[PDB]
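S.K.: Below: the sequence, then the experimentally determined structure.
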Amino acid sequence: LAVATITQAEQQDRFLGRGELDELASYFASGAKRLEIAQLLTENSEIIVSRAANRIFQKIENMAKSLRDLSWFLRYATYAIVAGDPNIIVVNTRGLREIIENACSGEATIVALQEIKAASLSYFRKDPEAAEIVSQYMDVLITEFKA
Amino acid sequence: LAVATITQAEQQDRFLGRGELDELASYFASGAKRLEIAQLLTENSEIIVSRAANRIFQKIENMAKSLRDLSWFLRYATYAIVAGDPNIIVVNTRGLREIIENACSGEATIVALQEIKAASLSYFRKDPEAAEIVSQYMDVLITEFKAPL
Ligand SMILES: *[C@H](C)[C@H]1/C(=C/c2[nH]c(/C=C3N=C(/C=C4\NC(=O)C(CC)=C4C)C(C)=C\3CCC(=O)O)c(CCC(=O)O)c2C)NC(=O)[C@@H]1C
Ligand SMILES: CCC1=C(C)/C(=C/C2=NC(=C\c3[nH]c(/C=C4\NC(=O)[C@H](C)[C@H]4CC)c(C)c3CCC(=O)O)/C(CCC(=O)O)=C2C)NC1=O
């Protein structure tokens, strides 16, 4: 949020401070990378979601929907990574476990999500920097779902 | 802005296209470059305002306010550069010309504003692309102050 830093400093009749400028400088510097990551995760979304569903294959009853949802879970994660804002994951995963746990298995879902993390991480073996971003944003997705 | 792209992807329940992914790459590159310019103008604000002030001191009947306003102009410019939105300058310099011609001299203010532009630009000697940016935004600031009442 660049407009949000501005509206704060405006209120105090002041220039943006070093941290504020440094945080914004990084938000943009890391853009290229965050987008590289989202491109691979997308290009390989189907492979990734396959690995996750098979890992819990025998716990699934509606296959159409688990394949939908695992894909969605990955999609909102590519959103977050592109926006470099983990709150996107936080808002759409709100009260979602309560729904899934009625629908099928909450535990099965978490094991699947973990395999999504794994599968994603498998594409950044030569790039520890990117791996950390993928881990970070994935972890946020699993933790919000656990609640 | 990226939220803009993501939100209209979110409504089709789709991943981002490579087109959208590439238009986001440019946006980010521009943003980084703008923030490098804001850091410099902000780190060097005082130096930049003194030079502006010194260019017109003989005519100043209120040093504190003149310094303050000089600082306020540069301030809102970095606001605009950070956001990449020049309308921040249009909106906050509306009717500023009349207020200031009454308080002191509009002719003096313009000279001083020229010097802010000059001084700011002197931190980007080895960087034509950054200079173009600084210059566009400064020119907006000056233009909108020299608009009709
Ligand atoms: C004259 C050569 C110098 C000068 C003097 C000066 N200005 C004022 C009063 C005001 N100045 C402003 C300026 C701004 N307000 C803003 O929001 C911004 C950001 C873009 C600026 C630059 C305003 C709003 C006022 C009136 C409100 C107030 O008084 O605080 C005075 C006071 C005298 C008077 O009010 O009649 C003086 C002496 N300003 C210059 O820019 C010249 C360098
Ligand atoms: C983060 C983005 C996001 C997700 C994931 C999401 C899921 C989501 N899954 C749902 C249902 C469902 N979910 C599943 C099951 C599964 N789904 C899984 O992710 C598991 C792999 C598996 C069980 C563990 C089933 C079977 C239903 C249908 C429930 C029904 O028809 O009653 C519903 C109820 C509405 C609907 O039927 O579409 C939502 C909102 N919504 C979202 O906005």
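M.R.: Everything's here; your move. Numbers count the residues shown, from 1 in each chain, chains lettered A, B, ... in the order given. Ligands and ions are numbered 1, 2, ... in the order given.
S.K.: Most proximal residue of chain A with respect to ligand 1?
M.R.: residue A:13 (8.7 Å; CB to the nearest ligand atom). To be clear about C-beta, it is placed using only N, CA and C from the backbone, and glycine gets the same treatment.
S.K.: What degree of burial does that residue show, as a neighbour count?
M.R.: Residue A:13 has 10 neighbouring residues, counting by other CB atoms under 10 Å in any protein chain shown.
S.K.: Tell me which helix or strand it sits in.
M.R.: Following DSSP states H and E, there is no helix or strand that holds residue A:13.
S.K.: Check residue A:49 too.
M.R.: Assigned by DSSP H and E, residue A:49 belongs to helix A:45-54.
S.K.: Return the set of buried residues in that helix.
M.R.: Neighbour counts over helix A:45-54 (16 or more other CB atoms under 10 Å in any protein chain shown) mark A:45, A:48, A:49, A:51, A:52, A:53 as buried.
S.K.: next one: stretch A:83-97
M.R.: Buried, per 16+ other CB under 10 Å, within stretch A:83-97: A:83, A:84, A:85, A:86, A:88, A:89, A:92, A:93, A:96, A:97.
S.K.: Ok, stretch A:124-141 next?
M.R.: A:124, A:130, A:131, A:133, A:134, A:137, A:138, A:140, A:141.
S.K.: was I right about residue A:49 contacting residue A:70?
M.R.: Yes - the criterion here is CB atoms under 8 Å, and residue A:49 meets it with residue A:70 at 4.7 Å.
S.K.: so how many other residues sit close to the closest residue to chain B within chain A?
M.R.: Nearest residue of chain A to chain B (CB to the nearest CB) works out as residue A:31 at 2.9 Å. Per other CB under 10 Å, the neighbour tally for residue A:31 reads 22.
S.K.: just residue A:41 next, same as before
M.R.: With other CB under 10 Å as criterion, residue A:41 counts 24.
S.K.: Report the secondary structure state of it.
M.R.: helix (DSSP: H, G, I helix; E, B strand; the rest coil).
S.K.: can I assume it is in contact with residue A:73?
M.R.: No - checked against CB under 8 Å, the pair residue A:41 and residue A:73 is beyond contact range at 11.5 Å.
S.K.: Can you pull up the residues of chain A that come close to chain B?
M.R.: A:2-3, A:5-6, A:9-10, A:13-16, A:21, A:24-25, A:27-29, A:31-32, A:35, A:38-39, A:42, A:45, A:72, A:75, A:78-79, A:82-83, A:88 (CB under 8 Å from any CB of the partner chain).
S.K.: Out of those, which end up buried?
M.R.: Looks like the residues of chain A next to chain B have A:2, A:5-6, A:9, A:15-16, A:21, A:24-25, A:27-29, A:31, A:35, A:38-39, A:42, A:45, A:75, A:78-79, A:82-83, A:88 buried, using 16+ other CB under 10 Å.
S.K.: Just the ones of the residues you listed in helices?
M.R.: Counting by DSSP state H, those place A:2, A:5-6, A:9, A:21, A:24-25, A:27-29, A:31, A:35, A:38-39, A:42, A:45, A:75, A:78-79, A:82-83, A:88 in helices.
S.K.: who touches the residue nearest to residue A:125 when sequence neighbours are not counted in this structure?
M.R.: Nearest non-adjacent residue to residue A:125, counting by CB to CB, 6 or more residues apart in numbering or on different chains: residue A:131, 7.9 Å away. Shown in contact with residue A:131 (CB atoms under 8 Å, 6 or more residues apart in numbering or on different chains): A:121, A:124, A:125.
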